[PDB]
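The structure under discussion appears below in the form of structure tokens.
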Amino acid sequence: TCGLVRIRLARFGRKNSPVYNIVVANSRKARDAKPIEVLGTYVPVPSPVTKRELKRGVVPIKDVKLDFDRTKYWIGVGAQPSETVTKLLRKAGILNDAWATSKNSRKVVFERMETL
Amino acid sequence: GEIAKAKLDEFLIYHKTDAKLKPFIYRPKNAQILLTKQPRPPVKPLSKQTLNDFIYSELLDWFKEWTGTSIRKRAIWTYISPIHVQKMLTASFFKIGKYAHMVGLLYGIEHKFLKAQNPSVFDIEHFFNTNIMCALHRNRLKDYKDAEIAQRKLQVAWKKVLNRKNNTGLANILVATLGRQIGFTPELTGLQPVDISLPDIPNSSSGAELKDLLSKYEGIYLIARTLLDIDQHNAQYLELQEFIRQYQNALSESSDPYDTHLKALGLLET
RNA sequence: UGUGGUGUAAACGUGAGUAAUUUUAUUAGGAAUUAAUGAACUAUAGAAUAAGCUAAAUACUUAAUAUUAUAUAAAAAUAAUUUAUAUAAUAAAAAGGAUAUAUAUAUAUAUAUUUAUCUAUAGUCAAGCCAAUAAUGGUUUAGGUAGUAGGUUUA
RNA sequence: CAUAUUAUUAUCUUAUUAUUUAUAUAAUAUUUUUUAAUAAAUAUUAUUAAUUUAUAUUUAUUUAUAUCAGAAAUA
Ligand SMILES: [Mg+2]
Ligand SMILES: [Mg+2]
Ligand SMILES: [Mg+2]
Ligand SMILES: [Mg+2]
Ligand SMILES: [Mg+2]
Ligand SMILES: [Mg+2]
Ligand SMILES: [Mg+2]
């Protein structure tokens, strides 16, 4: 990543139980220091799905909470997302494929869908 | 004879030394402020004729440690006159007997010479003329007489012509001699015919002036008498004869420059 | 194991000093109205020129080119600030590498695709200074203080 | 009476650094007047290099002030 202002993940939770804040942080401050802003949360463990529900065909859910309007503001003023945050924001529709990379570059089984 | 071997070396050391500590090393009054805080004597601009007779006794080495200097040191590079080029080609072919390595050197170091504002160091009257003069001997001696082999080398030697000046006019007669000796097709873009013009050689000249004409025209005379001897056809022109006869008449003393080189071939041939 | 660039003011650890001369906490506090400062990313623009020095260079030198103070008015958030204009000086830089080709005569050049360099504006992120209130015990420490308290200038 | 640490100075000594006077046939660059070895064309004329000269930038030399830290004394 580059720049003074960066959107990255700050680790919370216990050992073997990671959770994360999506935060706007100064590049120099420690990973778990109090940031400029806490944009959201990210739980890397998918929600368990029952075996019968796997027969049904549900996909396990990875939960992300996020303030979209403020995140777009921080992207706008020049804050630089990390790789994991870049992946998260690309799949939320905030960022487009221009932020993809060569390694990260396929048939769509579902389409990004916004509900109220 | 080693006056050159020491003086050119000191010149090269002086010019290769960084300008930060030239004043403290070479100036006399700064000696005290050097050793307390090796010293060499001053170095003054060096004569072109000083290196002329350095060839008369190594030369490949000297040329390599000489031309490896940085391009932007002008004194080192501009010092080499094309007269030196002719002199060292001649001496290399005849008596030092390492002509091939010298021509390879001069080709690469020509490619380097180009970007030092010294294109004139290669010209007709001091690089090309002697180059093919030695090429004629090269063909004659071992009977290298293939057509394409000689033709391609002629073309390459025409590439290494950084002055397009051809005023004396021996260049075209040399090309004709080469082409007829081998039998190839002398195609030379850029080259043009010129009617020959050589300075008159008076027999009432001052002794210093006599040897000055001698020193200037040693190479052109070698080429002239070579071009005469290699081909009886080249007895056609009397301006080819006037200069040669006047010169060899002025050479009644001591011996010909031509004789020594031609027997210097032999003393290496065995 | 040569010259260079970027990176180590952070993070980590520690609690010696520090009782307030610059420390901490708070405030929807200020001005000196904090600099032709960006540290390092955005968004736009414009540039990227010569020598010297080192073995060479995006290394170092030298040189080229690119807000404030005056004065005129305007107003009012007025006994000053702000605005616009005209000058003065601002007047201060740089850098090239990797690939393609296209010309011509390996040599240059002309384009481009890359990633770099410099400058300007704004935005982010940030810095410097000051005020108010609070911050342990002992007066068996009761007087203390001479830059001390204040004024006027200069640096 | 003895040992230790902290602070202060009309005292002494003082690394370093910053200012501060004054001095250098003191250096390195630019400016002159000259002396040297090269060049070229035909007596040279220009270049590179030393002498003297006067402006910058440094070093050496010192003058003065402040200063880590010691010493002495006092608490
Ligand atoms: Mg990067
Ligand atoms: Mg620190
Ligand atoms: Mg810590
Ligand atoms: Mg403590
Ligand atoms: Mg350069
Ligand atoms: Mg630079
Ligand atoms: Mg005070």
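Because only heavy atoms are used, hydrogens play no part in the values below, and waters and symmetry mates are left out as well, while side chains stay in. Sequence lines set the chain letters: A, B, ... in the order given, protein chains first and strands last, and positions in each chain run from 1.
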Given the [atom1] atoms of [N] and [M], what is the spacing between them in whole Å?
N      : M       : atom1 : answer
C:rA94 : C:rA98  : P     : 23 Å
C:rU34 : C:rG123 : P     : 15 Å
C:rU58 : C:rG96  : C1'   : 6 Å

So what does [X] touch, heavy atoms closer than 4.0 Å: a base, only the sugar-phosphate, or nothing?
X       : result
B:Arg72 : base
B:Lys73 : sugar-phosphate
A:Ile75 : nothing
B:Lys29 : sugar-phosphate
A:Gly76 : sugar-phosphate
B:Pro42 : nothing

Test item: side-chain donor near acceptor, A:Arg52 and A:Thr50, under 3.5 Å: no
Short side-chain donor-acceptor distance under 3.5 Å, B:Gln192 and B:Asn172: no
B:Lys5/B:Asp9 salt bridge by N-O under 4.0 Å criterion: yes
Closest listed nucleotide, where the reference is the side chain of B:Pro23 and the choices are C:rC41, C:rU124, D:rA29: D:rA29
Whole angstrom value for the distance that separates P of C:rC125 from NZ of A:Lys29: 14 Å
